[PDB]
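Notes follow once the structure below has been shown.
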Amino acid sequence: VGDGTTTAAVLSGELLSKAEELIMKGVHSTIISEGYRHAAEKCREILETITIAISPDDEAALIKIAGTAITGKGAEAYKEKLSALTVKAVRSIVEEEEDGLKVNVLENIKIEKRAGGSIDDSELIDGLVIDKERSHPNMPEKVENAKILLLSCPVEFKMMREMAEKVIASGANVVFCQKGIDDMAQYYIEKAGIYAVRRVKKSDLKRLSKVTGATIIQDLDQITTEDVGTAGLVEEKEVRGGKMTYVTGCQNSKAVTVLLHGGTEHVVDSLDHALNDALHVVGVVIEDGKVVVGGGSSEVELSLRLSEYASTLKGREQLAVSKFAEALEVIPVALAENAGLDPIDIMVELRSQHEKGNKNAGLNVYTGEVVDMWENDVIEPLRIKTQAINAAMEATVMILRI
């Protein structure tokens, strides 16, 4: 159960019950809704004010952020190095834009796990690496200025001359086929100087399409010149265990492949899972440009500053917004309760520290203490924090206005 889901559910219940109170006291149901919706929007402003800024440049902090996604058994012998690797990969697919920075981890990073060695032997390849070799040994080892054809259809059942000839006639240097390529068709393709690979994973084909510009073809009878992608270089390199196909210098590539190394088969499985998480967290933080710290620190700050706002308002709306700001503290109170702690003790201490200007003060659920949640590597992405607050509000309001 996502921590966003959890936060929204708990906060939603609290908002509801407080609304049902405010109704059994006379306040019209529709006023509460606008008050709440104004509350949620006022939290967005307050957050942008109390968040910590993270630039694609603030490396030590990016490495600290990535660290948070890398934990559990063993991950610790690997924490420093995997963090470095995460940050170097992410930093290298950062796209500039209007509206802001974009980090497309799903499409621009592929992880290919190479069992053996140290995580230090991991490589950042500027292109796309496919664990497949040439289908025929007489095909060329390298191809400069590759012209790439992607087939999702098989090239198999003199019948085969005409089949092969339709591939040869595309102009393509390089053919990736998702399925089989008949032997005789491989001979003709081979004789034409064409680098072909058979049985390519559909997802590798998807990736080839995006980085090279190729259009995946289903009918051999309908191949266009526009259907053909390009890459600076396609070659088969030897990196032991076998051979692989490197596609570098690609057309529109921010894309990179991490060849991830670990001591053993099983080490590298865990590193992959870990890296996937860290890549995402860092991506999302870089996009937001801001992070929040956890342990109820931001709910307490929001609650405090929103109770200040409440005062500067008037009418019944004020009661509503005031009650919103009160519901927020249900998050830290739940943290204390689950950790089997005294909530009153924790809330007193959180209010004291926040009232006194410590924005990062939150509950460290394990040590039972209140501490600087940044110093203690409990980071949460801004977008989750605001999505949860807005969802709790939208769900509560949707239920009220019926």
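Residue numbers start at 1 in each chain; chains themselves are named A, B, ... in the order of the structure tokens; ligands are numbered from 1 in the order shown.
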Q: May I have the residues within 8 Å of stretch 83-91 of chain A as a ChimeraX atom specification, using only C-alpha atoms and disregarding those fewer than 6 positions away in the same chain?
A: /A:56,59,62-64,66-67,70,103,105,109,124,256,258,275,278-279,282-283
Atoms kept (N, CA, C and O atoms) for selection, written as an mmCIF file, in the first residue's frame:
```cif
data_model
loop_
_atom_site.group_PDB
_atom_site.id
_atom_site.type_symbol
_atom_site.label_atom_id
_atom_site.label_comp_id
_atom_site.auth_asym_id
_atom_site.auth_seq_id
_atom_site.Cartn_x
_atom_site.Cartn_y
_atom_site.Cartn_z
ATOM 1 N N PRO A 56 19.775 19.405 -10.524
ATOM 2 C CA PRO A 56 20.476 18.301 -11.189
ATOM 3 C C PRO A 56 21.958 18.421 -10.924
ATOM 4 O O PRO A 56 22.721 17.534 -11.293
ATOM 5 N N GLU A 59 24.963 17.433 -6.346
ATOM 6 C CA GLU A 59 25.298 16.018 -6.462
ATOM 7 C C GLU A 59 25.280 15.274 -5.125
ATOM 8 O O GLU A 59 24.729 14.184 -5.021
ATOM 9 N N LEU A 62 21.762 14.636 -4.346
ATOM 10 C CA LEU A 62 21.222 13.618 -5.243
ATOM 11 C C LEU A 62 21.678 12.224 -4.818
ATOM 12 O O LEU A 62 20.897 11.278 -4.827
ATOM 13 N N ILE A 63 22.949 12.108 -4.451
ATOM 14 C CA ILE A 63 23.488 10.861 -3.941
ATOM 15 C C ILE A 63 22.864 10.464 -2.606
ATOM 16 O O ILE A 63 22.677 9.277 -2.327
ATOM 17 N N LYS A 64 22.547 11.463 -1.790
ATOM 18 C CA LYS A 64 21.826 11.234 -0.538
ATOM 19 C C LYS A 64 20.397 10.769 -0.821
ATOM 20 O O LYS A 64 19.906 9.830 -0.188
ATOM 21 N N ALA A 66 19.165 9.297 -3.682
ATOM 22 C CA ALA A 66 19.257 7.937 -4.208
ATOM 23 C C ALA A 66 19.521 6.904 -3.108
ATOM 24 O O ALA A 66 18.951 5.815 -3.124
ATOM 25 N N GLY A 67 20.390 7.245 -2.162
ATOM 26 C CA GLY A 67 20.648 6.393 -1.014
ATOM 27 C C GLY A 67 19.380 5.882 -0.336
ATOM 28 O O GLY A 67 19.320 4.733 0.091
ATOM 29 N N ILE A 70 17.847 2.521 -1.444
ATOM 30 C CA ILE A 70 18.774 1.410 -1.469
ATOM 31 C C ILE A 70 19.015 0.928 -0.048
ATOM 32 O O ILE A 70 19.890 1.437 0.656
ATOM 33 N N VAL A 103 12.995 14.050 -16.674
ATOM 34 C CA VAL A 103 13.844 12.857 -16.585
ATOM 35 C C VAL A 103 13.081 11.577 -16.927
ATOM 36 O O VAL A 103 12.399 11.010 -16.081
ATOM 37 N N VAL A 105 13.056 8.084 -17.159
ATOM 38 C CA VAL A 105 13.752 6.859 -16.789
ATOM 39 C C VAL A 105 13.243 5.598 -17.512
ATOM 40 O O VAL A 105 14.036 4.775 -17.947
ATOM 41 N N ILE A 109 16.551 4.919 -19.871
ATOM 42 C CA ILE A 109 17.509 4.030 -19.225
ATOM 43 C C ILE A 109 17.126 2.561 -19.320
ATOM 44 O O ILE A 109 16.033 2.167 -18.966
ATOM 45 N N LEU A 124 28.431 2.824 -18.289
ATOM 46 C CA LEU A 124 27.378 3.652 -18.838
ATOM 47 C C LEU A 124 27.589 3.760 -20.335
ATOM 48 O O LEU A 124 28.437 4.517 -20.793
ATOM 49 N N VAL A 256 20.531 5.717 -22.531
ATOM 50 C CA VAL A 256 21.751 5.056 -22.090
ATOM 51 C C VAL A 256 21.414 3.670 -21.559
ATOM 52 O O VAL A 256 20.307 3.404 -21.122
ATOM 53 N N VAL A 258 22.839 0.962 -18.754
ATOM 54 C CA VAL A 258 23.756 0.616 -17.685
ATOM 55 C C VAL A 258 24.049 -0.870 -17.800
ATOM 56 O O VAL A 258 23.149 -1.687 -17.615
ATOM 57 N N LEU A 275 18.666 -0.308 -7.964
ATOM 58 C CA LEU A 275 18.893 0.734 -8.975
ATOM 59 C C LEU A 275 17.601 1.256 -9.606
ATOM 60 O O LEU A 275 17.412 2.467 -9.726
ATOM 61 N N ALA A 278 16.049 3.603 -7.105
ATOM 62 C CA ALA A 278 16.830 4.822 -6.929
ATOM 63 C C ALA A 278 16.753 5.734 -8.151
ATOM 64 O O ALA A 278 16.618 6.946 -8.009
ATOM 65 N N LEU A 279 16.847 5.150 -9.345
ATOM 66 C CA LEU A 279 16.749 5.921 -10.580
ATOM 67 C C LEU A 279 15.462 6.746 -10.576
ATOM 68 O O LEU A 279 15.498 7.955 -10.781
ATOM 69 N N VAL A 282 15.299 9.605 -7.759
ATOM 70 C CA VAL A 282 16.120 10.721 -8.209
ATOM 71 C C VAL A 282 15.508 11.467 -9.415
ATOM 72 O O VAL A 282 15.491 12.703 -9.455
ATOM 73 N N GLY A 283 14.998 10.714 -10.386
ATOM 74 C CA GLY A 283 14.297 11.307 -11.509
ATOM 75 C C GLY A 283 13.169 12.212 -11.051
ATOM 76 O O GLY A 283 13.091 13.379 -11.425
#
```
Q | Per-residue DSSP, stretch 198-335 of chain A, filtered to alpha helix (DSSP H), as number ranges by chain | A | A: 202-212, 265-288, 297-311, 316-327, 330-335
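Nearest to residue A:51 of all the residues A:333, A:291, A:220, A:93 is A:291, based on only C-alpha atoms.
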Q: Could you please write out, as an NGL selection string, every residue of stretch 67-138 of chain A that DSSP assigns to strand (DSSP E)?
A: :A and (94-95 or 102-103 or 109-115 or 123-125 or 127-130)
Output the selection as a PDB file, in the first residue's frame - N, CA, C and O atoms for each residue.
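Result file result.pdb:
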```
ATOM      1  N   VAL A  94      18.940  13.768 -18.308  1.00  0.00           N
ATOM      2  CA  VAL A  94      18.151  14.960 -17.980  1.00  0.00           C
ATOM      3  C   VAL A  94      17.869  15.836 -19.199  1.00  0.00           C
ATOM      4  O   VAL A  94      18.794  16.313 -19.857  1.00  0.00           O
ATOM      5  N   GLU A  95      16.591  16.057 -19.492  1.00  0.00           N
ATOM      6  CA  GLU A  95      16.193  16.874 -20.641  1.00  0.00           C
ATOM      7  C   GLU A  95      15.738  18.256 -20.196  1.00  0.00           C
ATOM      8  O   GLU A  95      15.088  18.402 -19.166  1.00  0.00           O
ATOM      9  N   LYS A 102      12.904  17.522 -17.359  1.00  0.00           N
ATOM     10  CA  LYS A 102      12.273  16.220 -17.558  1.00  0.00           C
ATOM     11  C   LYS A 102      13.310  15.090 -17.458  1.00  0.00           C
ATOM     12  O   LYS A 102      14.384  15.175 -18.067  1.00  0.00           O
ATOM     13  N   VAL A 103      12.995  14.050 -16.674  1.00  0.00           N
ATOM     14  CA  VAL A 103      13.844  12.857 -16.585  1.00  0.00           C
ATOM     15  C   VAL A 103      13.081  11.577 -16.927  1.00  0.00           C
ATOM     16  O   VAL A 103      12.399  11.010 -16.081  1.00  0.00           O
ATOM     17  N   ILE A 109      16.551   4.919 -19.871  1.00  0.00           N
ATOM     18  CA  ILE A 109      17.509   4.030 -19.225  1.00  0.00           C
ATOM     19  C   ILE A 109      17.126   2.561 -19.320  1.00  0.00           C
ATOM     20  O   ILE A 109      16.033   2.167 -18.966  1.00  0.00           O
ATOM     21  N   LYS A 110      18.039   1.759 -19.839  1.00  0.00           N
ATOM     22  CA  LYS A 110      17.864   0.320 -19.839  1.00  0.00           C
ATOM     23  C   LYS A 110      18.927  -0.304 -18.938  1.00  0.00           C
ATOM     24  O   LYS A 110      20.105   0.037 -19.022  1.00  0.00           O
ATOM     25  N   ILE A 111      18.510  -1.212 -18.067  1.00  0.00           N
ATOM     26  CA  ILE A 111      19.471  -1.915 -17.241  1.00  0.00           C
ATOM     27  C   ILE A 111      19.654  -3.306 -17.790  1.00  0.00           C
ATOM     28  O   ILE A 111      18.697  -4.028 -18.007  1.00  0.00           O
ATOM     29  N   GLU A 112      20.899  -3.655 -18.061  1.00  0.00           N
ATOM     30  CA  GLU A 112      21.251  -4.970 -18.578  1.00  0.00           C
ATOM     31  C   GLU A 112      22.239  -5.534 -17.571  1.00  0.00           C
ATOM     32  O   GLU A 112      23.330  -4.984 -17.376  1.00  0.00           O
ATOM     33  N   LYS A 113      21.852  -6.604 -16.893  1.00  0.00           N
ATOM     34  CA  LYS A 113      22.682  -7.080 -15.798  1.00  0.00           C
ATOM     35  C   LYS A 113      23.735  -8.080 -16.254  1.00  0.00           C
ATOM     36  O   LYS A 113      23.430  -9.101 -16.869  1.00  0.00           O
ATOM     37  N   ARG A 114      24.985  -7.744 -15.972  1.00  0.00           N
ATOM     38  CA  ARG A 114      26.108  -8.606 -16.280  1.00  0.00           C
ATOM     39  C   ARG A 114      26.690  -9.245 -14.995  1.00  0.00           C
ATOM     40  O   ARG A 114      27.403  -8.593 -14.221  1.00  0.00           O
ATOM     41  N   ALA A 115      26.380 -10.517 -14.760  1.00  0.00           N
ATOM     42  CA  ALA A 115      26.887 -11.191 -13.572  1.00  0.00           C
ATOM     43  C   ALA A 115      28.411 -11.271 -13.614  1.00  0.00           C
ATOM     44  O   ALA A 115      28.992 -11.554 -14.663  1.00  0.00           O
ATOM     45  N   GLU A 123      29.170  -0.199 -16.461  1.00  0.00           N
ATOM     46  CA  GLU A 123      29.419   0.775 -17.515  1.00  0.00           C
ATOM     47  C   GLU A 123      28.187   1.598 -17.847  1.00  0.00           C
ATOM     48  O   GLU A 123      27.050   1.136 -17.717  1.00  0.00           O
ATOM     49  N   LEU A 124      28.431   2.824 -18.289  1.00  0.00           N
ATOM     50  CA  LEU A 124      27.378   3.652 -18.838  1.00  0.00           C
ATOM     51  C   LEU A 124      27.589   3.760 -20.335  1.00  0.00           C
ATOM     52  O   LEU A 124      28.437   4.517 -20.793  1.00  0.00           O
ATOM     53  N   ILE A 125      26.832   2.983 -21.097  1.00  0.00           N
ATOM     54  CA  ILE A 125      26.941   3.008 -22.547  1.00  0.00           C
ATOM     55  C   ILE A 125      26.017   4.057 -23.133  1.00  0.00           C
ATOM     56  O   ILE A 125      24.834   4.090 -22.806  1.00  0.00           O
ATOM     57  N   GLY A 127      24.043   4.737 -25.675  1.00  0.00           N
ATOM     58  CA  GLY A 127      23.278   4.129 -26.734  1.00  0.00           C
ATOM     59  C   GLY A 127      22.368   3.068 -26.146  1.00  0.00           C
ATOM     60  O   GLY A 127      21.708   3.307 -25.142  1.00  0.00           O
ATOM     61  N   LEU A 128      22.365   1.883 -26.754  1.00  0.00           N
ATOM     62  CA  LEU A 128      21.468   0.792 -26.393  1.00  0.00           C
ATOM     63  C   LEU A 128      22.178  -0.530 -26.617  1.00  0.00           C
ATOM     64  O   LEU A 128      22.660  -0.779 -27.707  1.00  0.00           O
ATOM     65  N   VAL A 129      22.237  -1.379 -25.594  1.00  0.00           N
ATOM     66  CA  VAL A 129      22.895  -2.685 -25.697  1.00  0.00           C
ATOM     67  C   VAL A 129      21.882  -3.843 -25.689  1.00  0.00           C
ATOM     68  O   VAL A 129      21.022  -3.892 -24.839  1.00  0.00           O
ATOM     69  N   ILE A 130      21.974  -4.751 -26.654  1.00  0.00           N
ATOM     70  CA  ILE A 130      21.014  -5.849 -26.814  1.00  0.00           C
ATOM     71  C   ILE A 130      21.765  -7.143 -26.635  1.00  0.00           C
ATOM     72  O   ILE A 130      22.747  -7.388 -27.332  1.00  0.00           O
TER      73      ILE A 130
END
```
Contacts between stretch 296-310 of chain A and stretch 40-106 of chain A, please, where a residue of stretch 40-106 of chain A counts if it comes within 9 Å (with only C-alpha atoms); show its shortest atom pair and distance in Å to one decimal, rows by chain and ascending number, as JSON lines.
```
{"residue": "A:42", "atom": "CA", "partner": "A:306", "partner_atom": "CA", "distance": 7.6}
{"residue": "A:43", "atom": "CA", "partner": "A:302", "partner_atom": "CA", "distance": 6.4}
{"residue": "A:46", "atom": "CA", "partner": "A:302", "partner_atom": "CA", "distance": 6.7}
{"residue": "A:47", "atom": "CA", "partner": "A:302", "partner_atom": "CA", "distance": 7.4}
{"residue": "A:50", "atom": "CA", "partner": "A:298", "partner_atom": "CA", "distance": 8.1}
{"residue": "A:51", "atom": "CA", "partner": "A:298", "partner_atom": "CA", "distance": 8.8}
```
Q | Non-local contacts of residue A:393 (9 Å; only C-alpha atoms; under 2 positions in same chain excluded) as a list in words | A | residues 8, 11, 12, 15, 33, 36, 37, 39, 40, 388, 389, 390, 391, 395, 396, 397 and 398 of chain A
Q.
Set the distance at 9 Å and use only C-alpha atoms: which residues neighbour residue A:52 once local chain neighbours fewer than 2 positions away are removed? I'd like the list as a VMD selection string.
A. chain A and resid 48 to 50 54 289 to 293
Selection file, N, CA, C and O atoms, as a PDB file, in the first residue's frame:
```
ATOM      1  N   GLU A  48       5.637  24.853  -1.123  1.00  0.00           N
ATOM      2  CA  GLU A  48       6.653  25.429  -2.002  1.00  0.00           C
ATOM      3  C   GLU A  48       7.584  26.344  -1.227  1.00  0.00           C
ATOM      4  O   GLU A  48       8.697  26.628  -1.661  1.00  0.00           O
ATOM      5  N   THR A  49       7.111  26.790  -0.071  1.00  0.00           N
ATOM      6  CA  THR A  49       7.871  27.674   0.801  1.00  0.00           C
ATOM      7  C   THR A  49       8.780  26.911   1.767  1.00  0.00           C
ATOM      8  O   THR A  49       9.828  27.411   2.139  1.00  0.00           O
ATOM      9  N   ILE A  50       8.392  25.700   2.162  1.00  0.00           N
ATOM     10  CA  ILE A  50       9.158  24.939   3.159  1.00  0.00           C
ATOM     11  C   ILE A  50       9.915  23.730   2.599  1.00  0.00           C
ATOM     12  O   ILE A  50      10.490  22.943   3.354  1.00  0.00           O
ATOM     13  N   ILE A  54      16.392  21.001  -4.938  1.00  0.00           N
ATOM     14  CA  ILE A  54      17.355  20.046  -5.454  1.00  0.00           C
ATOM     15  C   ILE A  54      17.590  20.297  -6.930  1.00  0.00           C
ATOM     16  O   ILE A  54      16.674  20.193  -7.736  1.00  0.00           O
ATOM     17  N   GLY A 289      12.100  19.419  -8.601  1.00  0.00           N
ATOM     18  CA  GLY A 289      13.032  20.468  -8.217  1.00  0.00           C
ATOM     19  C   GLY A 289      13.057  20.685  -6.713  1.00  0.00           C
ATOM     20  O   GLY A 289      13.796  21.535  -6.206  1.00  0.00           O
ATOM     21  N   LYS A 290      12.239  19.910  -5.995  1.00  0.00           N
ATOM     22  CA  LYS A 290      12.082  20.067  -4.559  1.00  0.00           C
ATOM     23  C   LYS A 290      11.796  18.727  -3.898  1.00  0.00           C
ATOM     24  O   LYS A 290      11.197  17.835  -4.507  1.00  0.00           O
ATOM     25  N   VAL A 291      12.256  18.575  -2.659  1.00  0.00           N
ATOM     26  CA  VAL A 291      11.870  17.430  -1.847  1.00  0.00           C
ATOM     27  C   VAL A 291      11.354  17.904  -0.503  1.00  0.00           C
ATOM     28  O   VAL A 291      11.687  19.004  -0.046  1.00  0.00           O
ATOM     29  N   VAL A 292      10.535  17.055   0.112  1.00  0.00           N
ATOM     30  CA  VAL A 292      10.024  17.256   1.459  1.00  0.00           C
ATOM     31  C   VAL A 292      10.744  16.251   2.335  1.00  0.00           C
ATOM     32  O   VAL A 292      11.191  15.224   1.840  1.00  0.00           O
ATOM     33  N   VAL A 293      10.878  16.530   3.624  1.00  0.00           N
ATOM     34  CA  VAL A 293      11.363  15.498   4.529  1.00  0.00           C
ATOM     35  C   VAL A 293      10.192  14.901   5.271  1.00  0.00           C
ATOM     36  O   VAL A 293       9.134  15.519   5.343  1.00  0.00           O
TER      37      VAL A 293
END
```
Q | Minimum-distance residue to residue A:133, chosen among A:204, A:107, A:162, A:238 (using only C-alpha atoms) | A | A:238
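Residue nearest residue A:251, chosen from A:182, A:345, A:369, A:126 and counting only C-alpha atoms: A:126.
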Q: Using only C-alpha atoms, determine which residues lie at most 6 Å from residue A:227, disregarding the query and same-chain residues fewer than 3 positions distant; provide the list as number ranges by chain.
A: A: 214-215, 224
